[PDB]
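Coming up is one lone chain in structure tokens, specifically the form deposited in one PDB entry.
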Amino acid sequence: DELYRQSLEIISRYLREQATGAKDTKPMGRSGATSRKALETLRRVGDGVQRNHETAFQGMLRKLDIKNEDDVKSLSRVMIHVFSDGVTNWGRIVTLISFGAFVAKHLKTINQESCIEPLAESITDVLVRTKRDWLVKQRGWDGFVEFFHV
């Protein structure tokens, strides 16, 4: 599943980098050129989403109890419901991933750096399960990068 693999690469890298501060230097798989600009776009736009929605993000983070990987999987119930309701557009997707980064940074501060990879898998699973046809119609990550271009 190449859309899943590329999406997990992009989402995983962004959440880990936000949480640790460090860029992951390891090589990308294929479509790495698109994955790179998608990461550039996340750093640029995603960082501002977290600032601009800080109150709402902190409020949702308070409502989440994440003690183990079973609780990461339980979150996916909230993620599917809130993300499935409403209009589909690239703003929804960048919000989904930016709140992922906001949660991963918290998970690192509480010594749960380990839940970050499962969190990224859940986010990617929800994104592709709910929006695969729309994502393909929009040229996937090439569409994401074009949308936020400039």
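We call the rigid core whatever largest set of C-alpha positions still superposes within 1.5 Å between the two forms. The first residue of the sequence shown is number 1, and the count goes up from there. Shifts are known only where both forms have a C-alpha.
Averaged over Cα atoms, the B-factor as recorded in the entry is higher for 62-70 than for the other of 62-70 and 97-105. Higher mean CA temperature factor, per the PDB entry, when comparing 106-114 with 87-95: 106-114. Comparing the listed residues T25, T130, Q138, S12, the entry records the largest Cα B-factor for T25. When the C-alpha B factors of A120, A33, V82, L42 are read from the deposited coordinates, the top value falls at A33.
Below, we turn to the form deposited in another entry, even though it does not appear here.
Just one residue from the list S114, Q58, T109, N68 crosses the 2 Å line for C-alpha shift between this form and the one not shown on a rigid core fit, and it is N68. Identified as moving between this form and the one not shown on the superposed core are the stretches 65-74, 85-87, each made of at least three consecutive residues whose Cα atoms shift by 2 Å or more.
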